[PDB]
Every structure is written in C-alpha cells, then in structure tokens.
Amino acid sequence: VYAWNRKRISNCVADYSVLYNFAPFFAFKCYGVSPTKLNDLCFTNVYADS
Amino acid sequence: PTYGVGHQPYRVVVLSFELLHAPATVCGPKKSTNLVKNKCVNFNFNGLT
Amino acid sequence: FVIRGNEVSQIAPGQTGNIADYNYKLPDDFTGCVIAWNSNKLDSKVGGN
Ligand SMILES: *[C@@H]1O[C@H](CO)[C@@H](O)[C@H](O)[C@H]1NC(C)=O
C-alpha cells in the first residue's frame, strides 16, 4: 500500500461486465457513476490503482 | 466449494406484497375489537390508522 | 430461485444485468422484500454443480 501500483488504461474498448468473472468480489463501490451504467458512457482516461 | 465468496451460490426468496385494493386476505396477528360508533375514537381498519 | 453471490445486487428495482435482464426482472415500483442467504453447504457440489 505504500508502493501502490498505478496502471493507465487507454485506447481500448472497455467492457466492465467481465470483472465479476475476473475477481471474486461481491460488489462494486462506485461514487461518481453507477456500475450498471458503466457500459454506455465513454471516458477520456482510466487509472487502475492496486 | 473451492470458489470465492462472490461465486458461492445464494438462495433468494422474494416476497412481493399487493396493496389493499382487494380484500385484505393475508393479515397478521392482530386481534380485532368491537366497533364503537358516534364517538371520537382512534381506528385501525386493515392497517389504515 | 438460486443465483451467484456476484449477482445478488441485481435483484433490485431499477437495476440491469445478466439475470436482471434475462431471468428475473423486478418492476421499478416493487413493494416487497428480498431475502438472500448463503447456501454453500447445500447447492454446491465437489467438482461442480
Ligand atoms: C487467471 O489466469 C490463469 C492463468 O492460467 C487462468 O488459468 C485463469 O482462468 C484466469 N482467471 C481466473 C478467474 O482465475
């Protein structure tokens, strides 16, 4: 956590429905958006911290 | 059984409740009392207070 | 019914998803209760159910 990874994702078509198959997490916690509506609007940049 | 907490099966029961439009046929354990007319009283008619 | 733990939150009014779009869609004006409990001891089988 003191050396947290930060990967920039860009120039690709994002499908957020495969995250449930990728990870055993129970649910999202989305603040500015809704996790069901994430498959419609297009973003400029997205950063995955880990 | 080796799956995670998000891939484990869950049993779901959904209880959908109708309004009082029809006769209140499903009503909980409340004992009905005698009707009193022509007086300022509190009333509880089928959940309508 | 029986679902996965990922898609428990899809059983809600005004929500979209796999089972919420193709299996069981709740009216946005759903007046009722949803009771979901874990059944990893019963529904799961070793090697897959
Ligand atoms: C993750 O990567 C491994 C690598 O072989 C693969 O077997 C597995 O199916 C992938 N997905 C999950 C959810 O583990």
# chains A, B, ... in the order shown; residues from 1 in each chain; ligands from 1
$ interface_residues --of "chain A" --to "chain B" --cutoff "9 Å" --atoms "only C-alpha atoms" --output "list in words"
residues 20, 21, 23, 24, 25, 26 and 27 of chain A
$ interface_residues --of "chain C" --to "chain B" --cutoff "7 Å" --atoms "only C-alpha atoms" --output "ChimeraX atom specification"
/C:1-6,31-40,43-46
$ closest_residue --among "A:10, A:36, A:5, A:44" --to "chain C" --atoms "only C-alpha atoms"
A:36
$ select_by_dssp --residues "chain C" --states "helix (DSSP H, G or I)" --output "NGL selection string"
:C and (18-22)
$ interface_residues --of "chain C" --to "chain A" --cutoff "10 Å" --atoms "only C-alpha atoms" --output "CSV table (one decimal) with N, CA, C and O atoms, in the first residue's frame"
chain,number,residue,atom,x,y,z
C,4,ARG,N,-25.8,-16.6,-8.1
C,4,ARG,CA,-24.5,-16.4,-7.6
C,4,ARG,C,-24.4,-15.2,-6.7
C,4,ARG,O,-25.3,-14.4,-6.6
C,5,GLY,N,-23.3,-15.1,-5.9
C,5,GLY,CA,-23.1,-14.0,-5.0
C,5,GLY,C,-22.7,-12.7,-5.6
C,5,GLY,O,-22.9,-11.7,-5.0
C,6,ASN,N,-22.2,-12.8,-6.9
C,6,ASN,CA,-21.9,-11.6,-7.6
C,6,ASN,C,-23.2,-10.8,-8.0
C,6,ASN,O,-23.2,-9.6,-8.0
C,7,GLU,N,-24.3,-11.6,-8.3
C,7,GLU,CA,-25.5,-11.0,-8.9
C,7,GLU,C,-26.6,-11.0,-7.9
C,7,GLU,O,-27.8,-11.0,-8.3
C,8,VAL,N,-26.3,-11.0,-6.6
C,8,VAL,CA,-27.4,-10.8,-5.6
C,8,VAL,C,-27.9,-9.3,-5.7
C,8,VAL,O,-29.1,-9.1,-5.6
C,9,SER,N,-27.0,-8.4,-5.9
C,9,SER,CA,-27.4,-7.0,-6.0
C,9,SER,C,-28.2,-6.6,-7.3
C,9,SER,O,-28.7,-5.6,-7.4
C,10,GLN,N,-28.2,-7.6,-8.3
C,10,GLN,CA,-29.0,-7.3,-9.5
C,10,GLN,C,-30.5,-7.5,-9.2
C,10,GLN,O,-31.3,-7.0,-10.0
C,14,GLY,N,-35.0,-1.1,-10.7
C,14,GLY,CA,-34.2,-0.2,-11.5
C,14,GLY,C,-32.8,-0.6,-11.8
C,14,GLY,O,-32.0,0.2,-12.0
C,15,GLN,N,-32.5,-1.9,-11.7
C,15,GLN,CA,-31.2,-2.4,-12.0
C,15,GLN,C,-31.1,-3.3,-13.2
C,15,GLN,O,-32.1,-3.9,-13.6
C,16,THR,N,-29.9,-3.3,-13.8
C,16,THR,CA,-29.7,-4.0,-15.1
C,16,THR,C,-28.5,-5.0,-14.9
C,16,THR,O,-27.6,-4.7,-14.1
C,17,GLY,N,-28.6,-6.1,-15.7
C,17,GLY,CA,-27.5,-7.0,-15.6
C,17,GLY,C,-27.9,-8.3,-16.3
C,17,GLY,O,-28.9,-8.3,-17.1
C,18,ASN,N,-27.2,-9.4,-16.1
C,18,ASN,CA,-27.4,-10.6,-16.8
C,18,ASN,C,-28.7,-11.3,-16.3
C,18,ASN,O,-29.7,-11.4,-17.2
$ select_by_dssp --residues "chain B" --states "strand (DSSP E)" --output "VMD selection string"
chain B and resid 9 to 16
$ decode --residues "stretch 22-40 of chain C" --atoms "N, CA, C and O atoms" --output "mmCIF file, in the first residue's frame"
data_model
loop_
_atom_site.group_PDB
_atom_site.id
_atom_site.type_symbol
_atom_site.label_atom_id
_atom_site.label_comp_id
_atom_site.auth_asym_id
_atom_site.auth_seq_id
_atom_site.Cartn_x
_atom_site.Cartn_y
_atom_site.Cartn_z
ATOM 1 N N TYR C 22 -32.350 -11.080 -18.255
ATOM 2 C CA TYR C 22 -32.764 -12.282 -18.960
ATOM 3 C C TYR C 22 -33.475 -13.321 -18.107
ATOM 4 O O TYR C 22 -34.037 -14.266 -18.672
ATOM 5 N N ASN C 23 -33.464 -13.206 -16.781
ATOM 6 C CA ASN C 23 -34.026 -14.257 -15.942
ATOM 7 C C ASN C 23 -35.155 -13.774 -15.046
ATOM 8 O O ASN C 23 -36.213 -14.411 -14.999
ATOM 9 N N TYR C 24 -34.967 -12.666 -14.332
ATOM 10 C CA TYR C 24 -35.951 -12.227 -13.343
ATOM 11 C C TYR C 24 -35.820 -10.715 -13.185
ATOM 12 O O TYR C 24 -34.900 -10.238 -12.515
ATOM 13 N N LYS C 25 -36.744 -9.976 -13.792
ATOM 14 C CA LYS C 25 -36.731 -8.521 -13.760
ATOM 15 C C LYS C 25 -37.780 -8.016 -12.780
ATOM 16 O O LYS C 25 -38.956 -8.375 -12.884
ATOM 17 N N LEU C 26 -37.341 -7.213 -11.806
ATOM 18 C CA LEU C 26 -38.273 -6.676 -10.779
ATOM 19 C C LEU C 26 -38.827 -5.331 -11.251
ATOM 20 O O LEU C 26 -38.028 -4.494 -11.715
ATOM 21 N N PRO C 27 -40.150 -5.080 -11.148
ATOM 22 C CA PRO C 27 -40.707 -3.776 -11.502
ATOM 23 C C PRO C 27 -40.017 -2.699 -10.655
ATOM 24 O O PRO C 27 -39.813 -2.929 -9.478
ATOM 25 N N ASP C 28 -39.679 -1.561 -11.268
ATOM 26 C CA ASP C 28 -39.021 -0.457 -10.520
ATOM 27 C C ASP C 28 -39.895 -0.106 -9.312
ATOM 28 O O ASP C 28 -39.328 0.232 -8.255
ATOM 29 N N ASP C 29 -41.219 -0.185 -9.466
ATOM 30 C CA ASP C 29 -42.136 0.060 -8.320
ATOM 31 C C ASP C 29 -42.414 -1.275 -7.622
ATOM 32 O O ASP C 29 -43.595 -1.672 -7.556
ATOM 33 N N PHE C 30 -41.366 -1.942 -7.129
ATOM 34 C CA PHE C 30 -41.538 -3.235 -6.417
ATOM 35 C C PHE C 30 -41.679 -2.978 -4.914
ATOM 36 O O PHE C 30 -40.685 -2.569 -4.282
ATOM 37 N N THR C 31 -42.874 -3.209 -4.363
ATOM 38 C CA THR C 31 -43.081 -3.029 -2.928
ATOM 39 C C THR C 31 -43.025 -4.407 -2.281
ATOM 40 O O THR C 31 -44.026 -5.131 -2.256
ATOM 41 N N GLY C 32 -41.861 -4.770 -1.762
ATOM 42 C CA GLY C 32 -41.693 -6.092 -1.188
ATOM 43 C C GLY C 32 -40.277 -6.271 -0.693
ATOM 44 O O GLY C 32 -39.453 -5.356 -0.746
ATOM 45 N N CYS C 33 -40.001 -7.481 -0.224
ATOM 46 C CA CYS C 33 -38.742 -7.783 0.440
ATOM 47 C C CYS C 33 -37.966 -8.845 -0.327
ATOM 48 O O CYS C 33 -38.545 -9.717 -0.977
ATOM 49 N N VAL C 34 -36.641 -8.750 -0.255
ATOM 50 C CA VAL C 34 -35.733 -9.712 -0.869
ATOM 51 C C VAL C 34 -34.902 -10.334 0.243
ATOM 52 O O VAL C 34 -34.227 -9.616 0.991
ATOM 53 N N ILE C 35 -34.943 -11.661 0.353
ATOM 54 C CA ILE C 35 -34.223 -12.392 1.387
ATOM 55 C C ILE C 35 -33.267 -13.343 0.687
ATOM 56 O O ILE C 35 -33.699 -14.325 0.070
ATOM 57 N N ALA C 36 -31.971 -13.068 0.788
ATOM 58 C CA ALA C 36 -30.942 -13.887 0.163
ATOM 59 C C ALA C 36 -30.004 -14.410 1.237
ATOM 60 O O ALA C 36 -29.492 -13.632 2.049
ATOM 61 N N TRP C 37 -29.778 -15.722 1.243
ATOM 62 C CA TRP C 37 -28.871 -16.323 2.211
ATOM 63 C C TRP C 37 -27.916 -17.285 1.521
ATOM 64 O O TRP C 37 -28.246 -17.894 0.500
ATOM 65 N N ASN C 38 -26.725 -17.414 2.101
ATOM 66 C CA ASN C 38 -25.699 -18.285 1.544
ATOM 67 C C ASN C 38 -26.077 -19.750 1.725
ATOM 68 O O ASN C 38 -26.547 -20.163 2.789
ATOM 69 N N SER C 39 -25.867 -20.535 0.674
ATOM 70 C CA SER C 39 -26.184 -21.958 0.661
ATOM 71 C C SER C 39 -25.034 -22.748 0.058
ATOM 72 O O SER C 39 -25.217 -23.600 -0.814
ATOM 73 N N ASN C 40 -23.816 -22.457 0.520
ATOM 74 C CA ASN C 40 -22.637 -23.164 0.034
ATOM 75 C C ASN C 40 -22.594 -24.614 0.499
ATOM 76 O O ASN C 40 -21.937 -25.437 -0.143
#
